[PDB]
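*Asks:* pasting the structure only:
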């Protein structure tokens, strides 16, 4: 609720120190690894007979 | 019937890949033996449940290569005198546990033919089974698709590798022109593929380095070791098929060794 029952106004909610840029650089560096460990792994399946496109 | 038998079609393949001969000949044997894939038989005055000993003999009439079965011929000749009848023959047949005897020693079964006729008998049988298989691929204009001529290799090799399996499929991209493969340009190759055992031997110096001799003298040294000529295009698709590493050549681990161990 925005206001308390007394009629006062709830305090300022707390963000986290420009976290938007903090998260934005924890998603992408773990997103780039997403490309690698996929491509590397699929190519690793060319080494054997488990799968092929 | 999509998934009805694509288990047994692989299972019977797996049986024919490596399994015990007991059920293998239980599929009667009179002429059902042609199931060994997936005009001699007109001369097969056989008896339906013939044997499995002869069966062991039979596949070896296709398994043993050219120069080696001469020794099997010699080993067959423990009586010497260039001739051996059923006495030694049917005995070593019994140690595992008829038409061929009527075809070799006559319907009388006693008149001992020259066992030198072991070769020609081995010659036509290797031809006929190869012949009947050539019709199983429905030769159009007496010729079959390069993916069929390559397919039978896989059917011959009997290996489970998805890559080269797909390479067999992808060949129409590598060969979209279309030439068709005749029964002679494939029979000569198998006679070579029969005597593989000596090729790698003769190829040992190359084997000390590799590359399986650039696909052309390969065909040349083939005729030397195989005593039979091949064309150029016939082997180009084979090098195009088995070029798993994409190098444009073969390692022993690419094509030859797999053939060598196939003689199990």
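*Replies:* Noted; the coordinates are in hand. Numbers count the residues shown, from 1 in each chain, chains lettered A, B, ... in the order given.

*Asks:* make it CA atoms for all contacts and neighbour counts henceforth
*Replies:* OK.

*Asks:* just the residues of the stretch 51-200 of chain B that are near chain A, which are they?
*Replies:* Taking C-alpha under 8 Å from any C-alpha of the partner chain as the contact definition, the stretch 51-200 of chain B meets chain A at B:160-163.

*Asks:* most surrounded residue in those residues?
*Replies:* If you count neighbours using other C-alpha atoms under 10 Å in any protein chain shown, the busiest of these is residue B:163, which has 20 neighbours.

*Asks:* tell me the phi and psi of that one?
*Replies:* Torsion angles at residue B:163 (phi, psi; degrees, to the nearest 10) stand at phi -60, psi -60.

*Asks:* Distance check, residue B:145 against residue B:42.
*Replies:* Per C-alpha to C-alpha, to the nearest Å, residue B:145 is found 29 Å from residue B:42.

*Asks:* Those two: which has the busier surroundings?
*Replies:* Each of residue B:145 and residue B:42 has its neighbours counted (other C-alpha under 10 Å); residue B:145 has more, 19 against 7.

*Asks:* My understanding was that that one contacts residue B:177; is that so?
*Replies:* No - at 10.6 Å, residue B:145 and residue B:177 do not qualify as touching, with contact defined as C-alpha atoms under 8 Å.

*Asks:* Which of the residues of the stretch 51-200 of chain B next to chain A fall in strands?
*Replies:* In this view, those have no member that belongs to strands under DSSP state E.

*Asks:* Angles on the backbone of residue A:45, please.
*Replies:* The phi/psi pair for residue A:45 (degrees, to the nearest 10) reads phi -80, psi -10.

*Asks:* helices and strands around whichever strand or helix holds residue B:200, which ones?
*Replies:* For residue B:200, the element it lies in under DSSP states H and E is helix B:196-202. In this structure, helix B:196-202 packs against helix B:217-226, helix B:257-262, with contacts taken as 3 or more C-alpha pairs under 8 Å, 6 or more residues apart in numbering or on different chains; DSSP states H and E.

*Asks:* Those helices: which one's closest to chain A?
*Replies:* Across the helices and strands packed on helix B:196-202, chain A has its closest neighbour in helix B:257-262 (15.0 Å, C-alpha to the nearest C-alpha).

*Asks:* buried ones in that closest one?
*Replies:* Of the residues in helix B:257-262, those buried by neighbour count under the rule 16 or more other C-alpha atoms under 10 Å in any protein chain shown are B:259-260.
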